[PDB]
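Below are the chains, spelled out letter by letter.
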2 protein chains.
Amino acid sequence: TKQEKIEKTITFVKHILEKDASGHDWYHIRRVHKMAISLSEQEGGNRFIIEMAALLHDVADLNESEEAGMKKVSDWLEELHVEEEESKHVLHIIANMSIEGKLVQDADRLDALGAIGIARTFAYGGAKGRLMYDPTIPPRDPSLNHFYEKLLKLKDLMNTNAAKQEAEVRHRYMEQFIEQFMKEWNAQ
Amino acid sequence: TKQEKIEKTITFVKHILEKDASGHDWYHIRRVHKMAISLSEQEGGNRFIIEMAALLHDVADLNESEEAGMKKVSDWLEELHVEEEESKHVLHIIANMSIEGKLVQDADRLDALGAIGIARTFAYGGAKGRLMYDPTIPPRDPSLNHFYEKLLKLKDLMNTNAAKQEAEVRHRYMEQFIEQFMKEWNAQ
Ligand SMILES: [Mg+2]
Ligand SMILES: [Mg+2]
């Protein structure tokens, strides 16, 4: 059955992430996948495709060299046997990474906003060696600026409704956060 | 007048931070100072002392070597002329870094909780090279754990009321945050 495939595929990614990078990028893959589910079950679209897609968009991305991963995913959907009628659609949106696709994309972009985002940011900021905030460098290179820079404007690129909904809630939190963050910056 | 001293002293720290470390640790010094004010003006204690203290607790800390900064602050309060009757109290609490002191300490510890804290954390996490969260490593080395580790238990060490109040509000936010952070971790 399909679930047995969507299952073994969960092993396919979980593994390939070990022969290199890190089996830590999985928690991201899943978060998007579980999210693509909840999104479909409120917007429609072919689940299996949505799932199989969200689960392999990353394997084609540090995979190798350009569209070299496509055939990497291509020849895989084969081993798992998937009528070209569907596969052609699965490994399709995996390129632009269609209601099915539209949802996967809403499930991936959503995974940038919210608490996690805030953290992902200052975190990436720490590694990259930068401050968190600086009144000498207003928004348009500190970590707090990145929010206005290319994050708060992500809730406007959501496609389906469920995604847009969640996005507004997530987006709102980053707003209120930077609101609580600032008052503290000035000891309020 | 005193304000002219609390002012020139603002220059004393602002400068010494340039001959080494970074004039970036100032935004922390101030945040505590402005905070020690708002706190006194609601709890009492000798302002000037509170201010002069909060403003120099850090200069005695990467200053040099052990209690070598004490005389660094000591001989300074002299140049600014400050009756030993007060100086003895100012550079005093600067050691344990008394209602005046009690407030400075409440104004310094508070500067660890809240949005900034959250950020300071993942930030320090990024630099130190660690994940943000990991279900394989429960609380008691990811950045999220540090919260329960030695942060959420800081609102219990506050002395005066105003500090305790603010602390509860600040503490609450870190709670709700880790609450919004988690739901996202499981795509809620
Ligand atoms: Mg992704
Ligand atoms: Mg301090």
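Residues numbered from 1 in each chain as written, not as in the entry; some residues may be left out. Chains lettered and ligands numbered in written order. Heavy atoms only, no water. Residues with missing side-chain atoms left out of burial classes, pairs and counts.

> Hey, could you run me through the interface of chain A and chain B in this one?
Size of an interface: often given as the accessible area lost when the parts come together. Chain A puts 34 residues into the contact, and the matching count from chain B is 34 residues. Taking both sides of the interface into account, the surface hidden between chain A and chain B amounts to around 2,900 Å²; carbon and sulfur atoms contribute 68%. Of all residues in chain A, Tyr173, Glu184 and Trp185 of chain A give up the largest surface area on contact with chain B, accounting jointly for 21% of the area buried on that side. Between the two partners, chain A and chain B, sit zero salt bridges. Across the chain A-chain B interface, the total number found is five residue pairs in polar contact. Counting only elements with at least two residues in the side of chain A that touches chain B, the list comes to α2 (26–40), α8 (115–128) and α10 (161–185) of chain A. Among the elements that line the side of chain A that touches chain B, the one with the most residues is α8 of chain A, at nine residues. Here the side of chain A that touches chain B is composed, by residue class, of 19 nonpolar, seven polar and eight charged. (Contact = heavy atoms within 4.5 Å. Buried area = accessible area lost by both parts, 1.4 Å probe. Salt bridge = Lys/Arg side-chain N within 4 Å of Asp/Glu carboxyl O. Polar contact = N/O pair within 3.5 Å; in protein donor to acceptor, adjacent residues only side chain to side chain. Helix = DSSP H or I, 4+ residues; strand = E, 2+ residues; numbered from the N terminus. Nonpolar A, V, L, I, M, F, W, Y, C, P; charged D, E, K, R; others polar.)

> Please clarify how the packing of helix α2 (residues 26–40) of chain B against helix α3 (residues 47–54) of chain B should be interpreted in this entry.
Pairs of packed helices are described in terms of their axes, by the angle between the two and the distance that separates them. Residues and elements named next belong to chain B. Where α2 contacts α3, the axes come no closer than 9 Å and their chain directions differ by 160 degrees. It follows that α2 is roughly antiparallel to α3 by the angle criterion. Viewed along their axes, α2 and α3 form a crossing whose handedness is right-handed. Counted together, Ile29, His33, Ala36, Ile37 and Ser40 of α2 and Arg47, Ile50, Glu51 and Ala54 of α3 form the full contact between these two elements. Tallied by class, the residues present in the contact of α2 with α3 amount to five nonpolar, two polar and two charged. (Axes fitted to C-alpha atoms, helices over the stretch in contact; angles between N-to-C directions. Parallel < 35°, antiparallel > 145°, perpendicular 65-115°, else oblique. Left-handed = near helix turned anticlockwise from the far one by under 90°.)

> How do you make sense of the coordination of the magnesium ion (ligand 2) when you look at a structure like this?
Any two of four tetrahedral donors ideally make an angle of 109.5 degrees at the metal, while pairs among six octahedral donors ideally make 90 or 180 degrees. Distances from the magnesium ion (ligand 2) to its protein donors, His28 of chain B (NE2), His57 of chain B (NE2) and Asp108 of chain B (OD), fall within 2.4 to 2.7 Å. Take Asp108 of chain B: its relative accessible area is 23%, and that puts it in the partly exposed class. (Donors = N, O, S within 2.8 Å, 3.2 Å for Na, K, Ca; no water. Buried < 20%, exposed > 50% of the residue type's maximum accessible area, 1.4 Å probe, protein only.)

> What exactly am I supposed to notice about the relation of the copies chain A and chain B here?
What relates the two chain copies is a rotation about an axis together with a slide along it. The transformation that overlays chain A on chain B combines an axial shift of 0.0 Å with a rotation of 180 degrees, and the residual RMSD is 0.0 Å. This pairing of chains is accounted for by a two-fold axis. Taken together, the interface assignments show that 100% of the residues at the interface of chain A recur at the interface of chain B, consistent with an identical surface on both copies. (Least-squares fit on C-alpha atoms.)

> Sorry if this is basic, but what is going on with the UniProt feature "binding site: Mg(2+)" (unreviewed entry) in chain A here?
Residues and elements named next belong to chain A. Sites flagged by UniProt as "binding site: Mg(2+)" (unreviewed entry) map to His28, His57, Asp58 and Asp108. With respect to the helices and strands, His57 occurs in helix α4 (residues 57–60). Residues in contact with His57, not counting those within four places in the same chain, are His28, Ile94, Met97 and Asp108. At 2.6 Å, the side chain of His57 and the backbone oxygen of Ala54 are in polar contact. Among the secondary structure elements, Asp58 is positioned in helix α4. (UniProt positions renumbered as here; feature names shortened; annotations may be inferred.)

> What's the story with the domain arrangement of chain A in this structure? I'm lost.
All names here are of chain A. According to the domain assignment, chain A contains domain 1 (1–96) and domain 2 (98–188). Taken over C-alpha atoms, the centre of domain 1 sits 26 Å from the centre of domain 2. Across the boundary between the two partners, domain 1 contributes 19 residues, which contact 17 residues of domain 2. Both faces considered, domain 1 and domain 2 share a buried interface measuring about 1,400 Å² in area, 71% of it formed by carbon and sulfur atoms. On the surface where domain 1 and domain 2 come into contact, there are one salt bridge. Between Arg31 and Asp111 there is a salt bridge, with the nearest N and O atoms lying 2.8 Å from each other. Counting across the interface, domain 1 meets domain 2 through seven residue pairs in polar contact. For the side of domain 1 that touches domain 2, the secondary-structure elements that each account for two or more residues are α2, α3 (47–54) and α6 (84–93). (Domains from an automatic or database assignment.)

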